[PDB]
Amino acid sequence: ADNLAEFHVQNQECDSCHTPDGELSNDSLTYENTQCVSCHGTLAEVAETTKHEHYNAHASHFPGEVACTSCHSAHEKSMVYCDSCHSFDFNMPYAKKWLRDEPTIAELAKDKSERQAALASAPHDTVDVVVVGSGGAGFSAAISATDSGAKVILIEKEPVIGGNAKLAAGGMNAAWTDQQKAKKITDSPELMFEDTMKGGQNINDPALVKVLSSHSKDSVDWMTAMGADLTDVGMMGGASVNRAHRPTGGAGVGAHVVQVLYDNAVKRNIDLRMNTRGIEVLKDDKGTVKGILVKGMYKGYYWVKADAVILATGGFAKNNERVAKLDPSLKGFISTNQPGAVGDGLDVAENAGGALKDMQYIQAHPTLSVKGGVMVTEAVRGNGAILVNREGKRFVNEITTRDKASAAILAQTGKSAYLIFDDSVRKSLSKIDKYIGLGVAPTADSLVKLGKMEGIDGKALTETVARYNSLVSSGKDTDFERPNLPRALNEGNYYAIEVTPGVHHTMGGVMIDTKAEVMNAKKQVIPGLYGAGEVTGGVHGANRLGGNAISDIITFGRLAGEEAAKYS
């Protein structure tokens, strides 16, 4: 057969998959997916049948309950979502090459011509608040608004939840938390503010950063009350003390936080709609929002009547064309992001009259795995790893800010470097075992063998580590002034990961005030319109600190949800 449906109808009726009337249930394809599960079992049950030693299409790091139709279409060939960042050896029936070519908001003007008819119709739903995007900002806002008495609809344009937030590794910054105190760490919201302002070249909006620093503990407390583990607290670049919180053992913060938000959303019966793209904010005759029209992938255009809309759509770091127009030094770089992170929500915001700011400030993560084409967490460095070049030498303070680290690596021979660490560092951060399972962390019982394996001068490598270990014991890095020297690299075997910068985060975005209200170029608030998370600009200035984006999206997501509800 040429497609999955044709396969099944060889021995099945249409209503094995469909509703009696044959209409698709909704854009999440709830009923239909329910039918696949009825015959094949849950995604976990399918997973038992498709294991490989180091990977499994049906048991991944994605949180939430991933719908079968995310990858398995019925009446046409479909794409494996994992192929958007990896190239695993898969044999999905009826597969086609991964290719993402979502139309822009501007191109969707080719649907006047569908859109006019929708807007002429009754609104499909009438609620209080509509939140766009199921990343951390969006779930936080949806939950926050719901607890504040508002009826919400949460929409996600992708087939799966979580956006980039589900990918987060290194942690969530906050000061001065109960969790830090339990780990004997001394910190303050003032210190966090100062690290943050300096890290961003004092470009950041000080009122927004004040909100980030002062609400950070509350945000950790809120997530914890909802069931999250934020008890491990690590170091990230440009911070005066350890303040990046994540699950026990040093597991990734991202999938965990989104899973917790998802669970809490489902607990409150929040209306979550997948494959549903926010297209244009609707405003009444006095310019306040009155709703939003959306495009369901399976059921087409419709609008939702509401007093408020919260845009929580993430950044545009996956869109290299737009990035390179803003910062040509990043043209052609690989990105760390999910395939939908291309900035269409910003278009939505601008079309609704919101102004943008700081857009030229785009952050490259200094360590994308060259071999895997995926982000390798900064916590690897925070927990003690060093960087060496092909000459087997250190060349930079590995916990400096990302602008400086990226430039340093790009200035080394071959425009890449190697993370080097031992088993003590490996055991201190369980997320590192994920890089090993991905096959991107070759290992050996001596630095000479490792260097010969990876094309690093082996003798130089050895002396570099011996010398670095001596600075660790002396307590002072006189070579590159790295301010925190947490571990000597001397336990067990040695690992190398080849790394180079990848485009990661867009610090610019829609202009918001401290209540997360979106503003126009005259600095006037657009009543009913809110923005939270990486879609906004002004929080992180010219360079964002590792750990500060998850802090941002919880704090500003929650704040937007409560402001939205109050606005009502």
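Numbering starts at 1 and runs along the sequence shown.
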| item | value |
| --- | --- |
| Comparing 123 to 131 with 107 to 115, the one whose average Cα B-factor in the PDB entry is higher | 107 to 115 |
| Greater mean Cα temperature factor according to the PDB record, 44 to 52 or 530 to 538 | 44 to 52 |
| Residue selected from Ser473, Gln179, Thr313, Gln360 by maximal Cα B factor | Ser473 |
| Of the residues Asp83, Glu391, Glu158, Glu280, the one carrying the largest Cα B-factor as recorded | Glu391 |
| For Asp229, the third of its chain into which the C-alpha B factor falls | middle |
| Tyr435 CA temperature factor, ranked by third within the chain | middle |
| Chain third (lowest, middle, highest) by recorded CA B-factor, residue given as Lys515 | middle |
| Position of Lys522 among the chain's modelled residues by C-alpha B-factor, lowest, middle or highest third | highest |
| Among modelled residues of the same chain, the CA temperature factor third for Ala379 | middle |
